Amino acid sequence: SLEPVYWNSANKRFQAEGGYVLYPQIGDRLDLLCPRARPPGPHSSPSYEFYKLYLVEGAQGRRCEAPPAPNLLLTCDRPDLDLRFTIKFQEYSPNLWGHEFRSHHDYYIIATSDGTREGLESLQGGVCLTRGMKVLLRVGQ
């Protein structure tokens, strides 16, 4: 089944060969983790890296850029805590905006900040470019 995404520089799956592609089945879950790193355990990074994770069009993923009023999945403000978000590739959700996945469409999750409390609210390719911090979602037909 689906492997959790540890969203920090330590991940390494980001700047690998294929470049972090996931093939979610309809029904699968996906957990995005921004791990502690303050009282540092495994999976955590050198220091705390400040990120906002956006779910994005695909063409927008390429451009490493997220639209105004983006689909914000996970804000990473808390170096003390572990933070996680969970999507089930499914029709119902606690989300009130009513987005949707299409057929044969690629989507991306991206981080467009530079990893710093100050450059956090940036919407154009930050770590997305710098650390290849984008994951591709190709969802079952």
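Residues carry their position along the shown sequence, with the first being 1.
Stretches 48-56 and 34-42 differ in mean CA B factor, with 34-42 having the higher one. The entry lists C-alpha B-factors for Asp106, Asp28, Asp80, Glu91, and the highest of these is at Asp80. In the deposited entry, the Cα temperature factor of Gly115 sits in the top third of values across the chain's modelled residues. Remark: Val5 belongs to the middle third of its chain, ranked by C-alpha B-factor as recorded.
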